[PDB]
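What follows is a single chain, given as structure tokens, in the form deposited in one PDB entry.
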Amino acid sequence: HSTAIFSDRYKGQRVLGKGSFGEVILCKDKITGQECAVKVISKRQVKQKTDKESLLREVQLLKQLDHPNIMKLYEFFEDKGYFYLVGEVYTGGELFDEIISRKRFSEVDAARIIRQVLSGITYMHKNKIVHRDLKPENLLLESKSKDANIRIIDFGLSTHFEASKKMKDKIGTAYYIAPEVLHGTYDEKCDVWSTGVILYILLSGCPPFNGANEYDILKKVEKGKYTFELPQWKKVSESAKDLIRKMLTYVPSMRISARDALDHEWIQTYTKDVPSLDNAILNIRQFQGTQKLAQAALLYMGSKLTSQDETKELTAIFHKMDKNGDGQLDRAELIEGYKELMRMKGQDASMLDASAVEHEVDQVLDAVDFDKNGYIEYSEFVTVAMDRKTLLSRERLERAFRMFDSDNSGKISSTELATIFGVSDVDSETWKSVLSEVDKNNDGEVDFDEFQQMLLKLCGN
């Protein structure tokens, strides 16, 4: 029997997004039609921490585990360059994106969410699997239904793969990490700490450990001190504060277990009178919008650098291929050159096999406006393959800007820039410098186009 090839069984439909350790692609079984979400981990870009057999055994165990609040794993594939982890697709998106879209949110809603998280974590810990990187974006809703169950993603991965050091991969990690993880000695209790921070945020909309940039946040976490002095804590039950305290207990051996947290009075009472936590929802909407804009700004700048890189690479490849020196290539040649560009850049999970490349080239060749067959001008192909991506990138940045601009003022204040660039970990003096060069009127605010220009100048343009 043959070692099984991922693309012999699955075809890619669309990219779902970048997650921790790699892109996730919506795929479909070629025989049965079953849709699945495939996390593809690039061996070049993600180092392993364990030996192959340690990884294999963990995969085999994960395939046997089943819990309603844990992502289901079906299959695992490995080739020369990649690991392919095939799991169930969930369509309800990230929890915090659902929450900001409601008018009411109470401790009852929070308790129901936390109970699910604790139930998942408890099961995973019984089986000796630790998350380590638990955060709001690892909490997916199963479907778009109002009542939908939460599915936790990424259990087991941090044990086997090294985290990215790149800030586009790191936004938001610092708030949630347990202090003991920072110093190196940690166990499954780190996941209770993370859950405690999530709960604190659900009930007030502010992180318990906060600060102006990543390192400032880590400094607060490492000291471990936090308060309930914010006004919005006055609407909150004492039993919720007690559970939080126990979850954010500094010494792990004295911190409550996941299982014990399920039996806590707060969970028992509030999942079995209650105002809406309106101020919390407001603060969550603002926190989420700020996080998503910082992320969008990082992705935009990274996409601009990737485009400078790939544009020149792709031109050199076609120039080499163009044996007539006449600037003309056929479809097969554009395909082979676009393939060679993948034979190095292992960024594009969605170009999974030759068929997906064929399709993408054809979108551009269709897109070559009007079509002459045989003599494609490769310089114009490069422009449109890359302008497509550039246009897409600009539109994604803009969506995030608009969502952040909740008053529809059209502008972001310099106070708000400071918050965004802090979260993006862009140097204060450096963005102020680029703001001076763009804002020569001391308006102390920027419109979208001005913001986009600042980003271009912060990535060498």
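Start at 1 with the first residue shown and count on from there. By rigid core we mean the largest C-alpha set that fits within 1.5 Å across both forms. Residues that one form lacks are left out of the comparison.
There is another form of the same protein, the form deposited in another entry; it is not shown, and what comes next is about it.
Subject >> Residue among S42, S54, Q34, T430 whose Cα moves 2 Å or more between this form and the one not shown, once the rigid core is superposed >> reply: The listed residue whose C-alpha shifts by at least 2 Å is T430.
Original post:
On a core-based superposition, does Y300 travel 2 Å or more at its Cα between this form and the one not shown?
Top reply: Where the cores coincide, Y300 still shows a C-alpha shift between this form and the one not shown that is 2 Å or more.
Original post:
Does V357 move its CA by 2 angstroms or more between this form and the one not shown when the core is aligned?
Top reply: Where the cores coincide, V357 still shows a C-alpha shift between this form and the one not shown that is 2 Å or more.
Original post:
Does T419 move its CA by 2 angstroms or more between this form and the one not shown when the core is aligned?
Top reply: The answer is yes; the displacement is at least 2 Å.
Original post:
Relative to what is shown, are the Cα atoms of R285 and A294 closer or farther apart in the other form, where the gap shifts by 3 Å or more?
Top reply: Note: Cα gap between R285 and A294 shrinks in the other form.
Original post:
Did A294 and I281 drift closer or farther in the other form, going by a CA distance change of 3 angstroms or more?
Top reply: Relative to the shown form, the pair is closer.
**OP:** Give me the stretches of at least three consecutive residues whose Cα atoms move by 2 Å or more between this form and the one not shown once the core is superposed.
**Re:** Residues 163-165, 289-347, 350-459 form the shifted runs.
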